[PDB]
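Chemist: Please find one structure pasted underneath; my questions will follow.
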Amino acid sequence: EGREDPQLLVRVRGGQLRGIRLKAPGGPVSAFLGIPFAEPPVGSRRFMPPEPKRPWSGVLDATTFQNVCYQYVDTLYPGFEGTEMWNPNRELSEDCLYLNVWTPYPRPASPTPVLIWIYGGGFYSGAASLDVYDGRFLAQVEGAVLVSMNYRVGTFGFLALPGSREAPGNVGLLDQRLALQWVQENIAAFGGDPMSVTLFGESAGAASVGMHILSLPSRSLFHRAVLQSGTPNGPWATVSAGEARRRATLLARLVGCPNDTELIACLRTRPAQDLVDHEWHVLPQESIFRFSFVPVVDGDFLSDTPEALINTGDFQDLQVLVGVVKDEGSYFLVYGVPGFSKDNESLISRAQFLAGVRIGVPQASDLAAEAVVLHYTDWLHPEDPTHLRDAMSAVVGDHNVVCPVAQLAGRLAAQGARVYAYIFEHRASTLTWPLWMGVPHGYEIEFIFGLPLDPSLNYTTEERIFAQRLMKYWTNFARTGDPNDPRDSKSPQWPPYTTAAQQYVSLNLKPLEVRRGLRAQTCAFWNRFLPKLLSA
Amino acid sequence: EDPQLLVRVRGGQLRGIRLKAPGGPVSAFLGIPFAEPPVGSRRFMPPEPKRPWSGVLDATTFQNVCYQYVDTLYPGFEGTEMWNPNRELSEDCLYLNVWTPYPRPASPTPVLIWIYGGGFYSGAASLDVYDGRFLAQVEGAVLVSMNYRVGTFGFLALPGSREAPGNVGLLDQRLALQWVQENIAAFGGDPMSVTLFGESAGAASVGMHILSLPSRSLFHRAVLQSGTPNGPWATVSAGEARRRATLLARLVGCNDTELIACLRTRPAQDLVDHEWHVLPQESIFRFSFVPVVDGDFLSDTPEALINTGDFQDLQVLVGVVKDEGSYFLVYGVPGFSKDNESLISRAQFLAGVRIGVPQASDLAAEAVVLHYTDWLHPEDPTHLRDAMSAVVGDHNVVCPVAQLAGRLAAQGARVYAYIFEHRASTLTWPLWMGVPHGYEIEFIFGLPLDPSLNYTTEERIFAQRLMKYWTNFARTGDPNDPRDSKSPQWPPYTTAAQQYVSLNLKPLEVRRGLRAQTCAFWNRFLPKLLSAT
Ligand SMILES: CCN(CC)CCNS(=O)(=O)c1ccc(Cl)cc1
Ligand SMILES: CCN(CC)CCNS(=O)(=O)c1ccc(Cl)cc1
Ligand SMILES: *[C@@H]1O[C@H](CO)[C@@H](O)[C@H](O)[C@H]1NC(C)=O
Ligand SMILES: *[C@H]1O[C@H](CO)[C@@H](O)[C@H](O)[C@H]1NC(C)=O
């Protein structure tokens with residue numbers, strides 16, 4: 001060194017790093033991208049827990065994003081921004097255990113609250129390097145220290161032969177945990193406060209945040225949590241040990257690998273792409289919103305099912321922010337369900353609805369499916385194709401996201417937690433998906449991260465103000481455990497969610513509005529009745 | 001000797017009585033025998049036609065009420081006593097009543113035939129609320145009402161036997177209908193225009209005449225108020241009927257013939273004493289002796305018959321009151337009383353549901369609980385109270401009615417549907433009960449026209465509106481005024497639009513869907529759940 005920006009040279013436990021000075025609309029920020037936090041989980045390390053990165057020599061260049069974890073790439077609508085924004089934007093590799101840090105420039109002298117993003121993508125996809133997860137705006141505008149990590153997905157992260165030494169399960173969650181431990185030890189070098197760490201994530205990332213809440217070894221690694229449109233409880237976020245074993249062994253057969261030791265050793269000789277090419281062939285039924293390789297109830301990371309853990313747990317020390325978007329189900333109707341497409345109005349017949357219900361609730365008996373159909377049908381217009389399309393969307397959204405979120409919010413509050421809840425109702429002026437899909441799963445994210453502040457992105461002026469409001473809620477929550485700004489106590493307050501009043505707020509261009517009951521009637525069906533009907 | 005009050009029917013001469021209605025005189029012929037007294041060896045047997053009589057038969061007074069259980073609930077309270085027998089109890093009770101304008105109509109007049117309700121265990125055509133003088137005077141109607149046997153005397157059945165074949169109370173009604181066909185012209189009635197109307201079990205009876213072929217030549221249109229032949233209480237299987245009669249005979253100390261011969265030796269009150277001890281579960285809105293699916297009067301279950309019937313030339317008017325279930329909570333559900341606001345707890349609600357839906361499995365009962373709970377306010381006592389009432393009213397009345405209306409319309413019938421929403425200013429029951437089962441009746445019969453009863457002037461106008469709908473329906477099969485214009489018209493109920501009207505102090509308002517979501521639960525889902533549980 002000698003002639004470089006002195007603000008971009010930082011030492012961490014593993015060695016020296018050189019970051020990059022980035023431009024945000026309001027000024028510069030420091031970014032340290034592609035910092036290794038584990039040994040590359042390759043070869044004999046495939047399917048194994050991550051090992052901490054061994055120290056390196058010299059100055060590691062941390063100026064670009066590292067590889068994306070090897071993963072299936074969505075083929076729906078090539079070239080279309082609505083899908084492409086979620087696709088990997090760096091080389092796919094099994095050597096992908098790297099994290100990213102954004103801080104103000106120059107770095108703060110007083111220790112700053114840290115936000116850690118965990119991406120979603122159904123546990124089969126995602127990357128910390130996507131444009132929508134760009135930490136520069138939260139760092140510049142709110143002065144946050146923002147961290148995001150890559151973690152293994154698909155078979156590489158979640159293929160499990162439970163009980164085995166060579167594929168114990170949940171290693172993608174152990175990748176996340178290792179990154180949290182890296183933050184505890186190192187974030188002070190960047191001006192971050194390791195004693196104020198807030199996790200946030202969306203969809204499977206939210207499910208992940210939920211796992212860390214429920215897993216004792218993660219508890220010392222963060223202080224507050226935000227779960228956006230996802231939960232550890234619910235029908236897709238976990239599988240039993242038996243089901244994980246069945247899926248792993250079928251996958252092994254499909255790629256020519258028919259003792260766990262021998263099976264796993266044969267799996268390790270397979271090219272990454274071979275595993276990806278068969279990953280979707282192991283689901284027990286035709287389905288949507290079901291993913292082959294997800295966290296497993298192993299009796300270790302998860303000592304019991306998340307449902308059980310949230311029923312009995314003491315959550316007195318927990319402050320949590322949770323919520324959903326207006327149209328959780330709509331995105332998913334195109335991927336499976338005859339009659340749907342982003343390219344037509346997707347009006348469907350009653351026949352397509354009945355068939356869609358079997359696909360959207362693949363675990364349902366005939367009787368359970370009838371109950372669903374009966375509840376969601378408009379008996380004044382039982383064959384109206386607009387209503388049926390919207391009802392199909394509501395079925396998928398409620399079953400997979402809204403009611404699991406309502407259930408989580410309810411259990412946490414009853415057991416000590418401080419809970420704030422929201423519904424996100426603003427549809428981006430820039431959205432490329434058709435109007436009937438409303439505010440789909442994932443489309444609050446660009447607002448939380450403050451992308452509308454980028455003038456080149458063509459958001460309206462009101463959307464910029466809106467984005468700034470949300471960034472304030474999120475960072476207020478991270479700082480204090482309360483999304484409300486003191487010294488603004490005239491602005492409408494966001495009351496905590498309680499079992500008694502069930503209050504949540506609407507997030508849109510208008511001032512906060514308080515509502516009561518998170519789909520209360522309908523969620524009673526999914527959360528109280530349906531389990532009893534399935535058990536008969 | 002007023003010659004307006006002297007009539008010859010097939011059995012002989014009758015002398016009626018000139019009555020006063022608020023707007024002029026009416027002729028009444030009360031206590032006309034239509035059958036041989038069903039006593040002694042005729043107990044439990046089909047009715048036989050009345051033998052002819054000599055001289056002039058005195059028809060100036062109401063005859064005996066059919067022998068029946070009398071309600072003990074709130075002694076001396078008008079809300080209950082208005083339904084109790086107002087003449088002496090007797091097994092000798094097969095008499096009918098006729099009201100006509102005075103003087104006798106010069107042209108043949110549409111006939112309305114009233115069939116009282118009372119759970120098939122009680123009721124009488126002599127009750128004040130069934131007074132036909134107002135309809136006769138104001139609308140010029142010829143109004144007929146009959147007594148029919150109730151309880152064991154009307155419905156005890158050993159299906160297959162000769163001596164207790166079942167449904168004889170329905171056969172009493174049918175014999176009275178036959179009597180109308182044969183004799184009503186002598187009063188100025190038109191036997192080619194006969195409209196049955198009835199409430200609760202009376203409405204269920206009307207529905208059974210619709211479903212029974214020999215009845216179909218005896219009337220032309222029907223009104224069903226708050227009751228239906230389909231549904232959970234109005235019929236029993238032959239096996240359950242046989243079980244109940246066999247149990248009753250055991251309880252009083254008694255081969256079909258020998259069993260029935262012994263029952264016939266028992267004084268009437270001994271049968272009544274054990275009438276309520278034969279129900280299979282603790283329950284409400286369930287009655288021991290009701291019409292039986294015999295393969296005779298009823299060729300199959302009402303549900304099967306309304307599903308497959310051809311109802312092309314049928315016109316029907318059907319409806320419900322706003323609070324069908326509220327009356328019944330006092331009768332079995334712990335926590336309910338006319339004397340306090342009956343705010344109940346959640347546990348009382350869960351227990352209430354097992355009583356109100358006695359055939360429900362644990363899982364079915366939980367479905368009901370979870371459907372009717374307001375999950376925004378799950379423990380709120382006033383909601384739980386109102387939910388309890390809705391459960392009982394929807395299960396026993398509202399949803400069976402929606403089902404019947406839908407089936408009849410889909411299979412060719414002309415159907416008109418209503419919800420009756422006006423609470424009488426004079427109502428003696430507490431406010432929380434709203435507009436209870438049975439409280440549209442006094443309005444249809446025109447009681448507010450009686451100044452000594454202190455109804456408001458609005459209620460008097462409302463009453464006249466309803467008498468018009470009912471009599472227009474009787475005359476034409478359509479309750480709308482034939483020439484008195486003005487939107488809003490009352491549109492036919494159809495499966496597509498599902499339109500019905502609200503009957504209250506305001507002008508007709510058209511609504512769509514009779515509790516559609518909730519009735520889909522009762523009518524489509526619950527049967528599936530019960531079958532597989
Ligand atoms: C996390 C960002 N996502 C939200 C838009 C993009 C798509 N991934 S997903 O997990 O929602 C998903 C969607 C459809 C199917 Cl079929 C499977 C998974
Ligand atoms: C005739 C209209 N009724 C006015 C409500 C009179 C009361 N008898 S009942 O059939 O309604 C009845 C009473 C109690 C129970 Cl439990 C069931 C039915
Ligand atoms: C209403 O009245 C009855 C007794 O008359 C009682 O059982 C019920 O609990 C009362 N409601 C109150 C005061 O809780
Ligand atoms: C919006 O900005 C201009 C139109 O003024 C257009 O050329 C550009 O492509 C748009 N940007 C995006 C990212 O949509």
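Please note that chains go A, B, ... in the order of the structure tokens, that every chain numbers its residues from 1, and that ligands are numbered from 1 in the order shown.
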At a cut-off of 12 Å, using only C-alpha atoms, what residues contact residue B:406? Leave out same-chain residues fewer than 6 positions from it and give the result as a ChimeraX atom specification.

Modeler: /B:306-307,311,316,318,399-400,412-417,492-500,513-514,516,519-520,523

Chemist: Residues of chain B within 6 Å of chain A, counting only C-alpha atoms, what are they? List them as an NGL selection string.

Modeler: :B and (375-376 or 516-517)

Chemist: For the residues in the current selection, export N, CA and C atoms as a PDB file, in the first residue's frame.

Modeler:
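Output contents, as saved in again-v3.pdb:
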```
ATOM      1  N   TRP B 375     -63.208 -14.811  14.481  1.00  0.00           N
ATOM      2  CA  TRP B 375     -61.812 -14.923  14.908  1.00  0.00           C
ATOM      3  C   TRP B 375     -61.125 -13.589  15.252  1.00  0.00           C
ATOM      4  N   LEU B 376     -61.783 -12.472  14.947  1.00  0.00           N
ATOM      5  CA  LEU B 376     -61.329 -11.162  15.416  1.00  0.00           C
ATOM      6  C   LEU B 376     -61.714 -10.980  16.887  1.00  0.00           C
ATOM      7  N   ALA B 516     -75.246 -17.432   1.094  1.00  0.00           N
ATOM      8  CA  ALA B 516     -74.722 -18.383   0.114  1.00  0.00           C
ATOM      9  C   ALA B 516     -73.500 -19.162   0.603  1.00  0.00           C
ATOM     10  N   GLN B 517     -72.506 -18.454   1.147  1.00  0.00           N
ATOM     11  CA  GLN B 517     -71.265 -19.087   1.618  1.00  0.00           C
ATOM     12  C   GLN B 517     -71.557 -20.043   2.764  1.00  0.00           C
TER      13      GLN B 517
END
```

Chemist: Select, from B:309, B:79, B:118, B:189, the residue with the minimum atom-to-atom distance to residue B:285, counting only C-alpha atoms.

Modeler: B:118

Chemist: Taking only C-alpha atoms and all ligand atoms into account, produce a table as JSON lines in which each residue of chain B with an atom at most 8 Å from an atom of ligand 3 appears once, together with its shortest atom pair and the distance in Å to one decimal, ordered by chain and rising number.

Modeler:
```
{"residue": "B:334", "atom": "CA", "partner": "ligand 3", "partner_atom_place_in_ligand_line": "7 (O)", "distance": 6.6}
{"residue": "B:335", "atom": "CA", "partner": "ligand 3", "partner_atom_place_in_ligand_line": "8 (C)", "distance": 4.5}
{"residue": "B:336", "atom": "CA", "partner": "ligand 3", "partner_atom_place_in_ligand_line": "1 (C)", "distance": 5.7}
{"residue": "B:337", "atom": "CA", "partner": "ligand 3", "partner_atom_place_in_ligand_line": "2 (O)", "distance": 4.7}
{"residue": "B:338", "atom": "CA", "partner": "ligand 3", "partner_atom_place_in_ligand_line": "2 (O)", "distance": 7.5}
{"residue": "B:339", "atom": "CA", "partner": "ligand 3", "partner_atom_place_in_ligand_line": "2 (O)", "distance": 6.0}
{"residue": "B:340", "atom": "CA", "partner": "ligand 3", "partner_atom_place_in_ligand_line": "1 (C)", "distance": 4.7}
{"residue": "B:341", "atom": "CA", "partner": "ligand 3", "partner_atom_place_in_ligand_line": "11 (N)", "distance": 6.7}
{"residue": "B:342", "atom": "CA", "partner": "ligand 3", "partner_atom_place_in_ligand_line": "11 (N)", "distance": 5.0}
{"residue": "B:343", "atom": "CA", "partner": "ligand 3", "partner_atom_place_in_ligand_line": "11 (N)", "distance": 6.5}
{"residue": "B:344", "atom": "CA", "partner": "ligand 3", "partner_atom_place_in_ligand_line": "14 (O)", "distance": 7.3}
```

Chemist: Please, could you write that set of residues out with N, CA and C atoms as a PDB file, in the first residue's frame?

Modeler:
```
ATOM      1  N   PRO B 334     -77.460 -24.402  27.945  1.00  0.00           N
ATOM      2  CA  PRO B 334     -77.108 -23.734  29.205  1.00  0.00           C
ATOM      3  C   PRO B 334     -76.606 -22.309  28.961  1.00  0.00           C
ATOM      4  N   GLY B 335     -77.152 -21.343  29.697  1.00  0.00           N
ATOM      5  CA  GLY B 335     -76.735 -19.957  29.576  1.00  0.00           C
ATOM      6  C   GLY B 335     -77.748 -19.030  28.923  1.00  0.00           C
ATOM      7  N   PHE B 336     -78.805 -19.599  28.345  1.00  0.00           N
ATOM      8  CA  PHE B 336     -79.801 -18.794  27.639  1.00  0.00           C
ATOM      9  C   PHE B 336     -81.103 -18.623  28.406  1.00  0.00           C
ATOM     10  N   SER B 337     -81.667 -17.424  28.292  1.00  0.00           N
ATOM     11  CA  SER B 337     -82.840 -17.016  29.054  1.00  0.00           C
ATOM     12  C   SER B 337     -83.486 -15.795  28.397  1.00  0.00           C
ATOM     13  N   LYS B 338     -84.817 -15.776  28.354  1.00  0.00           N
ATOM     14  CA  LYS B 338     -85.551 -14.584  27.935  1.00  0.00           C
ATOM     15  C   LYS B 338     -85.412 -13.457  28.971  1.00  0.00           C
ATOM     16  N   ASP B 339     -84.909 -13.798  30.157  1.00  0.00           N
ATOM     17  CA  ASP B 339     -84.930 -12.883  31.298  1.00  0.00           C
ATOM     18  C   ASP B 339     -83.626 -12.110  31.546  1.00  0.00           C
ATOM     19  N   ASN B 340     -82.525 -12.567  30.951  1.00  0.00           N
ATOM     20  CA  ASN B 340     -81.314 -11.748  30.863  1.00  0.00           C
ATOM     21  C   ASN B 340     -80.824 -11.664  29.408  1.00  0.00           C
ATOM     22  N   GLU B 341     -79.663 -11.052  29.179  1.00  0.00           N
ATOM     23  CA  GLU B 341     -79.185 -10.882  27.810  1.00  0.00           C
ATOM     24  C   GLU B 341     -78.444 -12.102  27.278  1.00  0.00           C
ATOM     25  N   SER B 342     -78.400 -13.146  28.101  1.00  0.00           N
ATOM     26  CA  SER B 342     -77.921 -14.461  27.693  1.00  0.00           C
ATOM     27  C   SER B 342     -76.558 -14.419  27.023  1.00  0.00           C
ATOM     28  N   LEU B 343     -75.693 -13.521  27.486  1.00  0.00           N
ATOM     29  CA  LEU B 343     -74.314 -13.502  27.025  1.00  0.00           C
ATOM     30  C   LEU B 343     -73.683 -14.805  27.481  1.00  0.00           C
ATOM     31  N   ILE B 344     -73.118 -15.558  26.546  1.00  0.00           N
ATOM     32  CA  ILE B 344     -72.564 -16.863  26.886  1.00  0.00           C
ATOM     33  C   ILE B 344     -71.053 -16.900  26.749  1.00  0.00           C
TER      34      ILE B 344
END
```

Chemist: As an exercise, work out the distance from atom CA of residue A:207 to atom CA of residue A:396 in Å and give it to one decimal place.

Modeler: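 Separation of atom CA of residue A:207 and atom CA of residue A:396: 16.8 Å.
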
Chemist: How close does stretch 106-222 of chain A get to stretch 454-468 of chain A? List, as a Markdown table, each residue of stretch 106-222 of chain A within 10 Å, its nearest atom pair and the distance in Å to one decimal, counting only C-alpha atoms.

Modeler:
```
| residue | atom | partner | partner_atom | distance |
| --- | --- | --- | --- | --- |
| A:137 | CA | A:454 | CA | 8.7 |
| A:138 | CA | A:468 | CA | 9.3 |
| A:141 | CA | A:468 | CA | 8.4 |
| A:142 | CA | A:468 | CA | 9.1 |
```

Chemist: Mind checking which residues fall within 7 Å of residue A:342, counting only C-alpha atoms, ignoring those fewer than 3 positions away in the same chain, and posting them as an mmCIF file with C-alpha atoms, in the first residue's frame?

Modeler:
```
data_model
loop_
_atom_site.group_PDB
_atom_site.id
_atom_site.type_symbol
_atom_site.label_atom_id
_atom_site.label_comp_id
_atom_site.auth_asym_id
_atom_site.auth_seq_id
_atom_site.Cartn_x
_atom_site.Cartn_y
_atom_site.Cartn_z
ATOM 1 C CA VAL A 334 -47.779 -19.632 -14.125
ATOM 2 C CA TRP A 433 -45.680 -8.397 -14.589
ATOM 3 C CA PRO A 434 -49.312 -8.050 -15.728
#
```

Chemist: Neighbours of residue B:432 within 12 Å (only C-alpha atoms; same-chain residues fewer than 2 positions away dropped), as a list in words?

Modeler: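 In the requested format, the answer is residues 322, 323, 325, 326, 327, 329, 336, 337, 338, 339, 340, 341, 342, 343, 382, 383, 385, 386, 389, 423, 427, 428, 429, 430, 434, 435 and 436 of chain B.
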
Chemist: Can those selected residues be exported to a file as an mmCIF file, in the first residue's frame so that it contains C-alpha atoms?

Modeler:
```cif
data_model
loop_
_atom_site.group_PDB
_atom_site.id
_atom_site.type_symbol
_atom_site.label_atom_id
_atom_site.label_comp_id
_atom_site.auth_asym_id
_atom_site.auth_seq_id
_atom_site.Cartn_x
_atom_site.Cartn_y
_atom_site.Cartn_z
ATOM 1 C CA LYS B 322 -84.244 -12.563 10.426
ATOM 2 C CA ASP B 323 -83.483 -14.549 13.596
ATOM 3 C CA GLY B 325 -82.568 -19.658 15.867
ATOM 4 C CA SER B 326 -82.896 -17.238 18.794
ATOM 5 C CA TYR B 327 -86.150 -18.686 20.207
ATOM 6 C CA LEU B 329 -81.625 -21.357 22.839
ATOM 7 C CA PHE B 336 -79.801 -18.794 27.639
ATOM 8 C CA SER B 337 -82.840 -17.016 29.054
ATOM 9 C CA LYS B 338 -85.551 -14.584 27.935
ATOM 10 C CA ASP B 339 -84.930 -12.883 31.298
ATOM 11 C CA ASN B 340 -81.314 -11.748 30.863
ATOM 12 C CA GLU B 341 -79.185 -10.882 27.810
ATOM 13 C CA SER B 342 -77.921 -14.461 27.693
ATOM 14 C CA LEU B 343 -74.314 -13.502 27.025
ATOM 15 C CA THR B 382 -72.464 -11.166 22.578
ATOM 16 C CA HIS B 383 -71.011 -12.542 19.361
ATOM 17 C CA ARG B 385 -74.633 -15.710 21.719
ATOM 18 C CA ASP B 386 -75.543 -14.468 18.238
ATOM 19 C CA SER B 389 -78.530 -18.492 17.369
ATOM 20 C CA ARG B 423 -89.599 -6.785 14.785
ATOM 21 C CA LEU B 427 -93.120 -8.216 20.871
ATOM 22 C CA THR B 428 -92.887 -9.565 24.434
ATOM 23 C CA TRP B 429 -89.555 -11.378 23.979
ATOM 24 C CA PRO B 430 -86.282 -9.549 24.737
ATOM 25 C CA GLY B 434 -84.501 -9.989 17.226
ATOM 26 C CA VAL B 435 -87.238 -11.258 14.900
ATOM 27 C CA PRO B 436 -87.782 -14.809 16.140
#
```

Chemist: Excluding residue B:395 and its own-chain neighbours fewer than 6 positions away, which residues fall within 9 Å of it when counting only C-alpha atoms? Please give them as a list in words.

Modeler: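 Residues meeting the cut-off are residues 231, 232, 325, 356, 357, 519 and 522 of chain B.
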
Chemist: At a cut-off of 12 Å, using only C-alpha atoms, what residues contact residue A:219? Leave out same-chain residues fewer than 3 positions from it and give the result as a VMD selection string.

Modeler: chain A and resid 177 180 to 181 197 to 199 209 to 216 222 to 225 301 315 317 to 318

Chemist: Using only C-alpha atoms and all ligand atoms, which residues of the polymer chains come no farther than 9 Å from ligand 2? I'd like the answer as a VMD selection string.

Modeler: chain B and resid 71 79 to 80 82 to 84 116 to 123 199 to 202 283 to 287 324 327 to 332 436 to 439 441

Chemist: Keeping N, CA and C atoms for every residue in the selection just given, could you write it to a file as a compact mmCIF listing (two decimals), in the first residue's frame?

Modeler:
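File written: out_23.txt
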```
# COMPACT_ATOMS: atom_id res chain seq x y z
N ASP B 71 -96.46 -26.69 26.55
CA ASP B 71 -95.21 -26.05 26.97
C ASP B 71 -95.25 -25.45 28.38
N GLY B 79 -95.47 -14.46 25.40
CA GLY B 79 -94.60 -14.96 24.34
C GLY B 79 -94.68 -16.46 24.11
N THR B 80 -94.94 -17.20 25.19
CA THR B 80 -95.11 -18.65 25.09
C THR B 80 -96.58 -19.07 25.03
N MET B 82 -99.13 -17.70 23.82
CA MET B 82 -99.77 -17.43 22.53
C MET B 82 -99.73 -18.66 21.61
N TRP B 83 -98.86 -19.62 21.92
CA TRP B 83 -98.74 -20.83 21.13
C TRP B 83 -99.40 -22.05 21.77
N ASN B 84 -99.79 -21.93 23.04
CA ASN B 84 -100.43 -23.03 23.76
C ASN B 84 -101.89 -23.20 23.37
N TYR B 116 -101.01 -25.11 10.47
CA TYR B 116 -100.18 -24.62 11.58
C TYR B 116 -98.91 -25.43 11.77
N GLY B 117 -97.92 -24.79 12.40
CA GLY B 117 -96.71 -25.47 12.79
C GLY B 117 -96.73 -25.79 14.27
N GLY B 118 -95.58 -26.17 14.82
CA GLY B 118 -95.49 -26.62 16.19
C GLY B 118 -94.72 -27.92 16.32
N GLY B 119 -93.72 -28.11 15.46
CA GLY B 119 -92.82 -29.25 15.55
C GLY B 119 -93.45 -30.63 15.35
N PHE B 120 -94.63 -30.68 14.74
CA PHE B 120 -95.41 -31.92 14.64
C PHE B 120 -95.84 -32.50 16.00
N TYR B 121 -95.62 -31.76 17.09
CA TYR B 121 -96.06 -32.22 18.43
C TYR B 121 -97.12 -31.31 19.08
N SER B 122 -97.42 -30.18 18.44
CA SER B 122 -98.29 -29.20 19.05
C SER B 122 -98.94 -28.32 17.99
N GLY B 123 -99.80 -27.42 18.43
CA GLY B 123 -100.42 -26.44 17.55
C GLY B 123 -101.92 -26.63 17.43
N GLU B 199 -96.39 -22.44 8.39
CA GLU B 199 -95.14 -22.00 8.98
C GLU B 199 -94.50 -23.11 9.81
N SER B 200 -93.17 -23.15 9.81
CA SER B 200 -92.39 -24.17 10.54
C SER B 200 -92.84 -25.58 10.13
N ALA B 201 -93.26 -26.42 11.09
CA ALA B 201 -93.76 -27.75 10.74
C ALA B 201 -94.95 -27.69 9.76
N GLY B 202 -95.72 -26.61 9.82
CA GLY B 202 -96.77 -26.38 8.84
C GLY B 202 -96.17 -26.22 7.44
N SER B 283 -80.75 -32.78 22.49
CA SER B 283 -80.81 -31.95 21.29
C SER B 283 -81.84 -30.86 21.43
N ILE B 284 -81.82 -29.90 20.50
CA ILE B 284 -82.93 -28.96 20.35
C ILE B 284 -83.31 -28.93 18.88
N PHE B 285 -84.52 -28.47 18.59
CA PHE B 285 -85.06 -28.49 17.22
C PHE B 285 -85.06 -29.92 16.66
N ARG B 286 -85.34 -30.89 17.53
CA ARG B 286 -85.56 -32.28 17.14
C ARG B 286 -86.85 -32.75 17.82
N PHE B 287 -87.67 -33.51 17.11
CA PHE B 287 -88.99 -33.86 17.62
C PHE B 287 -89.21 -35.35 17.49
N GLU B 324 -83.96 -16.84 12.94
CA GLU B 324 -84.60 -18.15 13.04
C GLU B 324 -84.23 -18.94 14.29
N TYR B 327 -85.11 -18.10 19.35
CA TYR B 327 -86.15 -18.69 20.21
C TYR B 327 -85.72 -19.97 20.93
N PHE B 328 -84.87 -20.77 20.29
CA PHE B 328 -84.67 -22.15 20.73
C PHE B 328 -83.57 -22.33 21.75
N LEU B 329 -82.75 -21.30 21.91
CA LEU B 329 -81.63 -21.36 22.84
C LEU B 329 -82.05 -21.55 24.30
N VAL B 330 -83.22 -21.04 24.65
CA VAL B 330 -83.73 -21.20 26.01
C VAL B 330 -84.02 -22.67 26.33
N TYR B 331 -84.32 -23.46 25.29
CA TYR B 331 -84.91 -24.78 25.47
C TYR B 331 -83.96 -25.95 25.72
N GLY B 332 -82.66 -25.71 25.66
CA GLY B 332 -81.71 -26.78 25.90
C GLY B 332 -80.30 -26.30 26.20
N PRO B 436 -87.88 -13.36 15.96
CA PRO B 436 -87.78 -14.81 16.14
C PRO B 436 -88.73 -15.61 15.24
N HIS B 437 -88.41 -16.89 15.09
CA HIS B 437 -89.25 -17.90 14.46
C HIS B 437 -90.71 -17.74 14.83
N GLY B 438 -91.58 -17.61 13.83
CA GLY B 438 -93.00 -17.49 14.07
C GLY B 438 -93.55 -16.07 14.14
N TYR B 439 -92.69 -15.06 14.17
CA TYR B 439 -93.22 -13.70 14.42
C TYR B 439 -93.54 -12.84 13.19
N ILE B 441 -96.01 -14.23 11.39
CA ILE B 441 -97.38 -14.74 11.22
C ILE B 441 -98.47 -13.70 11.52
```

Chemist: Can you tell me, as a PyMOL selection string, what residues are no more than 12 Å from residue A:252 when counting only C-alpha atoms, ignoring any on the same chain fewer than 6 positions away?

Modeler: chain A and resi 155+159-161+245-246+258+260+262-270+274-276+278-279+281-282
